[PDB]
Amino acid sequence: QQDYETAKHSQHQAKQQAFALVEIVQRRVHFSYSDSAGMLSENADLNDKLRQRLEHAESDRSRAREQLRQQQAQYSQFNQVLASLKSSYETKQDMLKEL
Amino acid sequence: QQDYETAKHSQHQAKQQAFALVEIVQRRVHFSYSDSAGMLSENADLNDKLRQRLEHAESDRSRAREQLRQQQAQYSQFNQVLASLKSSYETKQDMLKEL
Amino acid sequence: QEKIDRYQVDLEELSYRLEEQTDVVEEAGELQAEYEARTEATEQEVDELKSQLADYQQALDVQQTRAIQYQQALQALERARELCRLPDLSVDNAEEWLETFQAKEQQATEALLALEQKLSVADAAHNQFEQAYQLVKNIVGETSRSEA
Amino acid sequence: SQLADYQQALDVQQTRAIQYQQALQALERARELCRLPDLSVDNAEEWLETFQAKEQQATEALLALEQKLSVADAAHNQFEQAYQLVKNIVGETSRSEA
């Protein structure tokens with residue numbers, strides 16, 4: 001299994017390299033007209049600042065999602081312990097009524 | 001030994017077929033890129049098609065979200081019932097010990 | 001009478017535990033709802049920022065003129081150059097590299113399948129070993145594999 | 001991001017189209033190897049699990065085979081002695097039935 005894990009890693013790397021070479025082959029045509037050029041950086045200032053703000057918002061969203069997931073977790077374990085207590089109490093109550 | 005080499009060849013056939021099917025399972029999303037391949041062929045203004053694809057993806061993601069939420073509720077229900085049985089078994093076993 | 005008294009005390013303690021855990025679960029559920037609202041607010045903000053950036057850049061990126069298209073080819077070529085240990089890698093000679101690396105990839109897949117066959121047979125042999133072990137444990141109880 | 005960053009400049013679109021072509025090639029290759037022209041991405045999982053069962057059958061077979069070959073290392077003498085013991089106990093019997 002260790003050997004097969006190594007082999008799978010190697011296969012993945014080989015596949016990635018082959019795909020990169022295929023990408024070069026596909027974009028040879030785009031390289032063909034590499035001499036072309038155009039205007040750039042017209043509204044970059046506001047666009048860059050808004051990109052930075054959006055990156056901050058995305059990071060905050062990732063934090064929020066992580067906190068949401070973990071809180072779902074702890075709520076789950078709390079519910080599970082609550083159900084365990086419920087079952088224990090019900091069984092002991094049944095047994096007291098029997099006695 | 002002859003039958004065993006034959007069985008090994010059959011196992012190799014099964015292995016290659018299963019690997020191929022798994023590979024297409026991985027490329028499952030890539031078949032969704034048929035829109036991307038068609039979109040890329042636009043070679044012109046294509047933001048509206050991008051927005052349409054994004055809306056379709058939003059619909060799919062919302063469907064998956066609802067599916068996941070209801071499945072999570074079902075799994076949680078199963079987990080509470082399992083925990084309740086665990087506690088009940090513990091209590092019954094302890095009473096059997098005591099009796 | 002004493003036994004029933006003990007069980008009544010047990011039930012009282014269990015009721016106290018149930019109250020405590022119900023309170024904990026209610027607090028956890030309130031926090032969960034709060035974090036749900038907070039998260040949804042964060043995706044709302046992120047989507048709003050993305051849409052506003054799209055609107056602002058609408059005019060900017062429409063007139064691409066297929067002239068800034070080739071830098072993508074440049075980045076792809078360079079990315080292959082570091083990923084593929086071929087500093088001389090040229091879009092001209094990249095086809096020989098493509099075929100050679102494809103040959104290596106298919107060889108790797110064949111070796112992977114060869115390893116997978118033996119891996120599967122070995123794992124299933126261990127599975128039967130384990131099944132024997134569980135049968136022995138259930139019949140007699142704990143014991144080592146050597147004694148099996 | 002693509003719509004917001006339309007400056008992305010269809011690079012991701014190009015990669016996705018290339019991935020689509022690769023997926024087409026892979027699907028054709030599987031339809032060949034598995035000989036299943038009747039096949040779709042949505043239902044390919046069913047044939048995948050079917051051939052998973054097939055591969056499990058083949059591997060379990062070859063596993064019993066590996067055990068039998070490993071125990072076949074027993075020399076010629078043991079087979080003879082067991083055969084003659086069974087013969088002497090029950091009377092003449094065939095090796096296959098022994």
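Sequence positions are given from 1 along each chain as written, possibly unlike the numbering in the entry, and residues without coordinates are left off. Chain labels run from A onward and ligand labels from 1 onward, assigned in the order the entries are written. Taken from a larger assembly, the chains shown here are the sole basis for all values reported. To obtain the side-chain values, all non-hydrogen atoms of the structure were included, while hydrogens and water were left out.

For this entry, the PDB record names cryo-EM as the structure determination method and reports a resolution of 11 Å.

**Some remarks on the overall build of chain D**
Counting secondary structure elements, chain D contains 3 helices and 0 strands. Moving toward the C terminus, one meets the helices and strands of chain D in the order α-α-α. Based on C-alpha atoms, the radius of gyration is set beside the globule rule, defined as 2.2 Å times the residue count to the power 0.38. Relative to the compact-globule value of 13 Å for 98 residues, chain D shows a C-alpha radius of gyration of 29 Å, a clear excess of over 25%. With respect to the three principal axes, the spread of C-alpha positions in chain D is 90 × 25 × 20 Å. Only protein chains enter the accessibility calculation, which uses a 1.4 Å probe; a residue is then buried when its area is under 20% of its type maximum, exposed when over 50%, and partly exposed in between. Burial analysis of chain D (98 residues in total) assigns 32% to the buried set. Summed over its atoms, the accessible surface of chain D is roughly 6,200 Å², and 54% of this surface lies on carbon and sulfur atoms. The distance from the centre of the 8 positive side-chain charges to the centre of the 16 negative ones in chain D is 7 Å. Only runs of H or I of at least four residues qualify as helices and only runs of E of at least two qualify as strands under DSSP, and these elements are numbered from the N terminus. The accessible surface values rely on the Shrake-Rupley method and a 1.4 Å probe; as for residues, cover is taken only from the protein chains in view. Positive charges come from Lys and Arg, negative ones from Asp and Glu, while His and the chain ends are left out of the count. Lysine's charge is taken at NZ, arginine's at CZ, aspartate's at CG and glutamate's at CD.

**Considerations on unusual backbone geometry**
Working note: non-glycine residues mostly have negative phi, and peptide bonds are mostly trans. Despite not being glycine, A:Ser41 has its phi angle at roughly 65°, a positive value. Within the secondary structure layout, A:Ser41 lies in the loop between helix 1 (2-32) and helix 2 (44-98). Judged by its relative accessible area of 57%, A:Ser41 falls in the exposed class. One non-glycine residue, C:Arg66, lies in positive phi territory at about 45°.

**Points about a negative patch on the surface**
Side chains of A:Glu55, A:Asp60, C:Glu45, C:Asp47 and C:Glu48 sit close together on the surface and give a patch of like negative charge. For the negative patch, the element with the most residues is helix 1 (residues 2-62) of chain C, which contributes 3 residues. Note on placement: C:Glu48 falls in helix 1. Judged by relative accessible area, C:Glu48 falls into the partly exposed class, the value being 39%. The patch calculation keeps residues exceeding 30% relative accessible area without a salt bridge and links them within 9 Å when they carry like charges or within 5 Å when they are nonpolar (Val, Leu, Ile, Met, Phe, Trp, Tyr). Salt bridges are identified by distance alone: a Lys or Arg side-chain nitrogen within 4 Å of an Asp or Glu carboxyl oxygen.

**Quick notes on the packing of helix 2 of chain A against helix 1 of chain C**
For every element, the axis is a line fit to its C-alpha atoms; helices are fit only across the contacting stretch, and the angle between N-to-C directions ranges from 0 to 180 degrees. Running from amino to carboxyl end, helix 2 of chain A crosses helix 1 of chain C at an angle of 160°, the nearest separation of the two axes being 6 Å. Taken together, the axes of helix 2 of chain A and helix 1 of chain C are roughly antiparallel relative to one another. When the axes of helix 2 of chain A and helix 1 of chain C are compared, the crossing they make is left-handed. Note that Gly is not counted as nonpolar here; it falls among the polar residues with everything else outside the nonpolar set of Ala, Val, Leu, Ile, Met, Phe, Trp, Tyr, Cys and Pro and the charged set of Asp, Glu, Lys and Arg. Looking at the contact of helix 2 of chain A with helix 1 of chain C residue by residue, the classes come out as 29 nonpolar, 17 polar and 15 charged. Oblique is the label for every angle not falling under 35 degrees (roughly parallel), over 145 degrees (roughly antiparallel), or within 65 to 115 degrees (roughly perpendicular). Left-handed describes a crossing whose near helix is turned anticlockwise from the far helix by less than a right angle; the clockwise case is right-handed.

**Digging into the packing of helix 3 (residues 94-140) of chain C against helix 2 (residues 44-71) of chain D**
Interaxial distance between helix 3 of chain C and helix 2 of chain D falls to 9 Å at its minimum, and their mutual angle equals 70°. In terms of their interaxial angle, helix 3 of chain C and helix 2 of chain D are classed as roughly perpendicular. Touching C:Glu116, C:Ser120, C:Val121, C:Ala124, C:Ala125 and C:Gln128 of helix 3 of chain C are D:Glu55, D:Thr59, D:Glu60, D:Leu62, D:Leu63, D:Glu66 and D:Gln67, all from helix 2 of chain D. Among the residues forming the contact of helix 3 of chain C with helix 2 of chain D, the class breakdown is 5 nonpolar, 4 polar and 4 charged. Two residues form a contact once any of their heavy atoms are found within 4.5 Å.

**Let's talk about the side chain of C:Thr42**
Positionally, C:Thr42 belongs in helix 1. According to the relative accessible area criterion, C:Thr42 is buried, its value standing at 9%. Other than its neighbours up to four places away in sequence, C:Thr42 contacts A:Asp60, A:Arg61 and A:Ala64.

**Remarks on the pattern of salt bridges**
Opposite charge on two side chains makes pairing possible when the charged atoms of those side chains draw close. Per the stated rule, a full pass over the model turns up 19 salt bridges over all chains. What you see here is one network of salt bridges that share partners, running through A:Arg28, C:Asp92 and C:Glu95.

**As for the interface of chain A and chain C**
Opposite the 58 residues of chain A that make contact, chain C presents 65 residues. Together, the buried faces of chain A and chain C total about 6,000 Å²; carbon and sulfur atoms form 75% of this surface. Interface area lost by chain A to chain C is led by A:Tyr4, A:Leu21 and A:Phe31, which between them contribute 11%. The residue C:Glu105 makes a salt bridge to A:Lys15 at a minimum N-O spacing of 3.9 Å. Buried area, as used here, totals the accessible surface that two parts lose on assembly, with accessibility defined by a 1.4 Å probe and the loss added over both.

**Observations concerning the environment of B:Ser41**
Take B:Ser41: its relative accessible area is 47%, and that puts it in the partly exposed class. Through-space distance from the C-alpha of B:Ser41 to that of B:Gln13 is 38 Å; in sequence the pair is 28 residues apart.

**Some words on the interface of chain B and chain A**
With 14 residues of chain B at the contact, the number on the chain A side is 12 residues. Surface buried jointly by chain B and chain A totals about 1,000 Å² across both partners, of which 53% is contributed by carbon and sulfur atoms. Together, B:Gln80, B:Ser87 and B:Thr91 form the three largest contributors to the area buried by chain B at its contact with chain A, with a combined 40%. Here chain B is connected to chain A by 0 salt bridges. Broken down by element, the side of chain B that touches chain A gets its largest block of residues, 12 residues, from helix 4 (residues 47-98) of chain B. When its residues are assigned to classes, the side of chain B that touches chain A shows 2 nonpolar, 8 polar and 4 charged.

**Here we look at helix 2 of chain D**
To estimate how far a helix should extend, the number of its residues minus one is multiplied by 1.5 Å. Taking 1.5 Å of rise per residue, 28 residues should cover 40 Å, and helix 2 of chain D covers 40 Å from first to last C-alpha, within 8% of that figure. Three or more residues of helix 2 of chain D are buried, namely D:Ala44, D:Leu48, D:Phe51, D:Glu55, D:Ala58, D:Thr59, D:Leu62, D:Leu63 and D:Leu65. On its buried face, helix 2 of chain D sits against helix 1 (2-26) of chain B together with helix 3 of chain C.

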